[PDB]
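Just so it is clear, none of the values below were taken in a lab; they were calculated from the coordinates. Using ideal geometry, Cβ is built from the backbone for each residue, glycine included, and neighbour counts are taken over all protein chains shown.
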Ligand SMILES: Cc1cc(-c2nc3ccccc3o2)cc(C)c1O
Ligand SMILES: Cc1cc(-c2nc3ccccc3o2)cc(C)c1O
């Protein structure tokens, strides 16, 4: 039900081998680790969770943009890119979180479908 | 070698049934019709051209954003979104032109891969 | 009534010295030159037109992004970024056309105000 | 030395009355409140800090986008837009953090200048 897609606006390419960490907000308002991985050669990270586990709640997707840019020898602005949202059962069932990265900027969108 | 992907930033969805026209710049500097279609239920338009036909040159991809927004009952700013680029044989072989649409704004990127 | 602002997403800076050409669609459906200029050290281009001259019409703002990137040593994807819109069709408005540039991407927005 | 600018991509306008909270990472690795305010009728938030107070550190600018959209009748995707960055680590700089908002998307950039 959750996929993350990361693109590079400098090179016009997928952003490959980017670390992504997903957290779920706990009852005490802290962020508990939920899922993680590294983007593939297509800039995608699949397999993070299952329908059973991905219950309604507040989630944070953290994309390690700084390390990505540093590996390319480029000085970036942000420590990371953060996407924070509520999963809602009454909306469509599949969430794609997409991010388009530049050294001093990023764009993010959600594509939520059935 | 050419795919167009259109997303809706208001609804968080693919932008479905959007008209897309591709033109190739002619020797006399006019834009000659090249390919066209309507985005699918996934916001994608595949099958526009072939490797044989998609020779090096300057291309324009015109996305009919105004009609899209009007069909949703939303007043938009732009007449259309235009993406103009050179196809180059020495770069990667497959071009995805992606657009992320809002009523008064849009984002576009190119994902060029082998 | 028409201002253009250009930012560089690689440098985190205004995009300075960017050429901008504005056209207006004529009665015969061709794109007539309307005005032109270059962005300043703030990434802004002011003074393109006047409220008298900026009548209703369909306008195209062409931002010459390719030349900008090439001069930074980047061979960019796009030839230019074009922004096409109807202006002043409910009376005079002020338009800011903003663009944020990367070598293989850009975003553009408009801020439209009624004086 | 720190300004926040917020634009609305649906309306083509400044995003007015947007709450913004700035935090700074403390020695113990927690996010300490640093400053806060709301965007003006221009979509800008000035006066958050001073060059004396805005020392080197890791800062988080939280833009309360959800509340903004809900008040326009749109149930948006994100809880907020957060911008996290190291500041002033090569001496004082001026930072503009800009955000362009849609219900299911945003973009953000920084403009960093050396006075
Ligand atoms: C211009 C743009 C494209 C995308 C985009 N998301 C995509 C997903 C699959 C294939 C191509 C894609 O392009 C995402 C964002 C946040 C953007 O600002
Ligand atoms: C297209 C765009 C414009 C801006 C923008 N930032 C601006 C600052 C002052 C005036 C107009 C401005 O437009 C910011 C972002 C994150 C964008 O994606």
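Taking the residues in the stretch C:60-75 that are more than 10 Å from the chain's Cα centre (by Cα) and within 16 Å of ligand 2 (Cβ to nearest atom) as candidates, determine which candidate is nearest to residue C:13 (Cα to Cα).
Our first condition is that a residue be more than 10 Å from the chain's Cα centre (by Cα); within the stretch C:60-75, this holds for C:65-75.
Those still in the list that are within 16 Å of ligand 2 (Cβ to nearest atom) too: C:65, C:68.
On the way: C:65: 15, C:68: 13 Å.
This residue is C:68.
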Within the bounds of the stretch B:67-83, is there any residue that is more than 25 Å from residue C:64 (Cβ to Cβ), out of contact with any helix residue (DSSP H, G or I) (no Cβ under 8 Å at 6 or more places or on another chain), within 12 Å of another protein chain (Cβ to nearest Cβ) and surrounded by fewer than 15 Cβ atoms within 10 Å (Cβ to Cβ)? yes
Given the conditions (1) touching a strand residue (DSSP E or B) at 6+ places or on another chain (Cβ under 6 Å); (2) loosely packed, with under 13 Cβ neighbours inside 10 Å, report the number of the one that residue B:98 does not fulfil. (2)
Within the stretch B:27-51, how many residues turn out to be assigned to a loop (DSSP other than H, G, I, E, B) and under 22 Å from residue C:30 (Cα atoms)? 4
Among the residues of the stretch D:35-50, are any crowded, with 16+ Cβ neighbours inside 10 Å and within 14 Å of chain B (Cβ to nearest Cβ)? yes
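Report the residue count in the stretch A:57-94 for those that are over 12 Å from the mean Cα position of the chain (by Cα), part of a strand (DSSP E or B) and free of Cβ contacts under 8 Å to residues at least 24 places away in the same chain. Steps first, answer last, please.
Within the stretch A:57-94, the subset over 12 Å from the mean Cα position of the chain (by Cα) is A:57-58, A:66-79, A:86-94.
Narrowing further to those that are part of a strand (DSSP E or B): A:57-58, A:78-79, A:86-87, A:94.
Checking the rest, the ones that are also free of Cβ contacts under 8 Å to residues at least 24 places away in the same chain come to A:79.
Summing the residues that are over 12 Å from the mean Cα position of the chain (by Cα), part of a strand (DSSP E or B) and free of Cβ contacts under 8 Å to residues at least 24 places away in the same chain in the stretch A:57-94 gives 1.
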Can you name the condition, by its number, that residue C:38 falls short on among (1) in contact with a strand residue (DSSP E or B) (Cβ under 7 Å, 6 or more places away or on another chain); (2) within 12 Å of residue C:22 (Cβ to Cβ); (3) more than 16 Å from ligand 1 (Cβ to nearest atom)? (2)
Check whether at least one residue in the stretch D:76-93 is within 16 Å of ligand 2 (Cβ to nearest atom) and surrounded by fewer than 18 Cβ atoms within 10 Å (Cβ to Cβ), and report yes or no. no
Where residue C:20 falls short, out of the listed (1) surrounded by fewer than 15 Cβ atoms within 10 Å (Cβ to Cβ); (2) part of a strand (DSSP E or B): (1)
Just one of (1) within 14 Å of chain A (Cβ to nearest Cβ); (2) within 19 Å of residue C:78 (Cα to Cα) trips up residue C:20, so point out which. (1)
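If I go through the stretch A:86-103 residue by residue, how many of them are more than 15 Å from ligand 1 (Cβ to nearest atom) and within 12 Å of chain C (Cβ to nearest Cβ)? Quick ask: steps written out before the conclusion?
Restricting attention to the stretch A:86-103, the residues satisfying the condition of being more than 15 Å from ligand 1 (Cβ to nearest atom) are A:86-93, A:103.
Remaining after also requiring within 12 Å of chain C (Cβ to nearest Cβ): A:103.
Going through the stretch A:86-103 one residue at a time, the tally reaches 1.
More than 21 Å from residue D:66 (Cβ to Cβ) and within 16 Å of ligand 1 (Cβ to nearest atom): is that true of residue A:83 in this structure? Walk me through how you get there before you give the answer.
Numbers: more than 21 Å from residue D:66 (Cβ to Cβ): no; within 16 Å of ligand 1 (Cβ to nearest atom): yes.
No, not satisfied.
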Which count do you get for residues in the stretch D:92-115 that are free of Cβ contacts under 8 Å to residues at least 12 places away in the same chain and more than 14 Å from chain B (Cβ to nearest Cβ)? 0
For the stretch D:61-91, what are the residues that are away from chain A (no Cβ under 11 Å) and part of a loop (DSSP other than H, G, I, E, B)? D:64, D:71, D:72, D:73, D:74, D:88
Among the numbered conditions (1) within 16 Å of ligand 2 (Cβ to nearest atom); (2) under 12 Å from the mean Cα position of the chain (by Cα), tell me where residue B:97 comes up short. (1)
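Residue by residue through the stretch A:101-114, note down the ones that are away from ligand 2 (no atom under 16 Å from the Cβ) and buried (at least 19 other Cβ atoms within 10 Å of the Cβ).
Quick first cut of the stretch A:101-114, residues away from ligand 2 (no atom under 16 Å from the Cβ) only: A:110-114.
Once the filter is applied, which keeps residues that are away from ligand 2 (no atom under 16 Å from the Cβ) and buried (at least 19 other Cβ atoms within 10 Å of the Cβ), the stretch A:101-114 yields A:110, A:111, A:112.
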Reported set for the stretch C:58-81 where residues are touching a strand residue (DSSP E or B) at 6+ places or on another chain (Cβ under 6 Å) and within 16 Å of ligand 1 (Cβ to nearest atom) is C:65, C:77, C:78, C:81
Residue under evaluation residue B:56, criteria (1) touching a strand residue (DSSP E or B) at 6+ places or on another chain (Cβ under 6 Å); (2) farther than 29 Å from residue C:75 by Cβ; (3) away from ligand 1 (no atom under 16 Å from the Cβ), criterion not met: (2)
